[PDB]
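Heads up, the chain below is alone and in the form solved without this ligand; it's given as structure tokens.
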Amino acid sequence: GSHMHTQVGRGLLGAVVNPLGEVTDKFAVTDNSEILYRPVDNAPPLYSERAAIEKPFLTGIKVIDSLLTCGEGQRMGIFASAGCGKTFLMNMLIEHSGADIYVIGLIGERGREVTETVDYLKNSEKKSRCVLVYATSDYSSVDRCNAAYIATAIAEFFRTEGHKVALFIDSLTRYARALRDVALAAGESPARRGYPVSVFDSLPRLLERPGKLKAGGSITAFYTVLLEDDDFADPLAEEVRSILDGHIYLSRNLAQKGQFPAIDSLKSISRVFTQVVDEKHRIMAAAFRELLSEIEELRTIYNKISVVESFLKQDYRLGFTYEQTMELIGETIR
């Protein structure tokens, strides 16, 4: 029973907040200083309170805005091994999208990693729209957990205000590991992979707090899962794969090969694709995948590779409008 409240409001915009609710850096100063307190534990919305996911959440990233289109209110998994560009991708998603407010939660990262992110925010137009909650690796399992809840809570308040909120949580694997430790310390039995069954049981309550509301406002959430290399095939990834509305997988093959972002579209899916894009889009996109699968058949030892790879590849500094992306799609299937 967390009776613990935390600060929420426009006064946090620009702020870097720690697991104890105090501000330790800024990447922007905000003209408003609204601060209220709100509970860090909160039930997800009632089913009757949710709106259908129908309007797309545009990312300004060609390959996902076209083949893996996201909806406002959705929850999307990001599954990456190390050094495959995951943090560049998170930063792309923040930069080239159109949310009113971005809440980021970094869980158990090294202080260098939290600084990468803060550095990014300090040089970005979104600086006045973001809040960063972190728990560096010198913090306790409890503090790491509360970092995730504080992040969600702040998002929740901005959603109740009406805003289109984007929530990023990096990582769920360190959140789960911290939750595990808390559970072992309370004396419960380890199920498969040393995790007490309660860590996986609690996930839905955390991961279903996002969504779009009838009353106005939405949280669209991106959750990171750090993969090992073919190690145990990964219980947590599977759980997340099943709880969420789709998953983007970052490929090693594509990462070493220079193909950034290293998004493998074969291993990826938005489970709300059908219902956030045109009939026209579906067909153009379906045609692009056909073009892909066939280009993959040549990769077993024609000229439309350069043009396609040029479509996929995208420097983290560039954002493409939906029209631009679809414009580009049209020329590769014509």
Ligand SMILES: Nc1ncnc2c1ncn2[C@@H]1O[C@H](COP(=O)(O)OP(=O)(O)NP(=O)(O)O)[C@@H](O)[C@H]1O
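Numbering starts at 1 and runs along the sequence shown.
Beyond the structure shown, there is the form deposited with this ligand bound, which is absent from this document and is the topic of what follows.
Checklist entry - Can you check whether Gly98 is within 4.5 Å of this ligand in the deposited bound form, heavy atom basis? => result No, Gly98 stays farther than 4.5 Å from this ligand in the deposited bound form.
Next on the checklist: Using a 4.5 angstroms cut-off on non-hydrogen atoms, would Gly83 count as touching this ligand in the deposited bound form?
Outcome noted: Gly83 belongs to the contact set for this ligand.
Checklist entry - Within a 4.5 Å heavy atom cut-off, is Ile248 in contact with this ligand in the deposited bound form? => result The answer is no: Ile248 has no heavy atom within 4.5 Å of this ligand.
Next on the checklist: Is it the case that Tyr322, even though its partner is missing from this view, gets within 4.5 Å of this ligand in the deposited bound form, heavy atoms only?
Outcome noted: No - in the deposited bound form, heavy atoms of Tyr322 and this ligand never come within 4.5 Å of each other.
Next on the checklist: To verify the annotation, which of these, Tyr120, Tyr139, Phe260, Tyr195, has a non-hydrogen atom within 4.5 Å of this ligand in the deposited bound form?
Outcome noted: Among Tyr120, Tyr139, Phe260, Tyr195, a heavy atom within 4.5 Å of this ligand in the deposited bound form occurs only for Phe260.
Next on the checklist: To verify the annotation, which of these, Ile104, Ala153, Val225, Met92, has a non-hydrogen atom within 4.5 Å of this ligand in the deposited bound form?
Outcome noted: Comparing distances to this ligand in the deposited bound form, the residue within 4.5 Å is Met92.
Next on the checklist: The chain here is shown without this ligand. Which stretch in 208 to 216, 122 to 130, 75 to 83, 238 to 246 comes within 4.5 angstroms of it in the deposited bound form, by heavy atom distance?
Outcome noted: Looking at the partner contacts, the answer comes out as 75 to 83.
Checklist entry - Within 191 to 208, which residues have a heavy atom closer than or equal to 4.5 Å from this ligand in the deposited bound form? => result Read in sequence order, no residue approaches this ligand (within 4.5 Å, in the deposited bound form).
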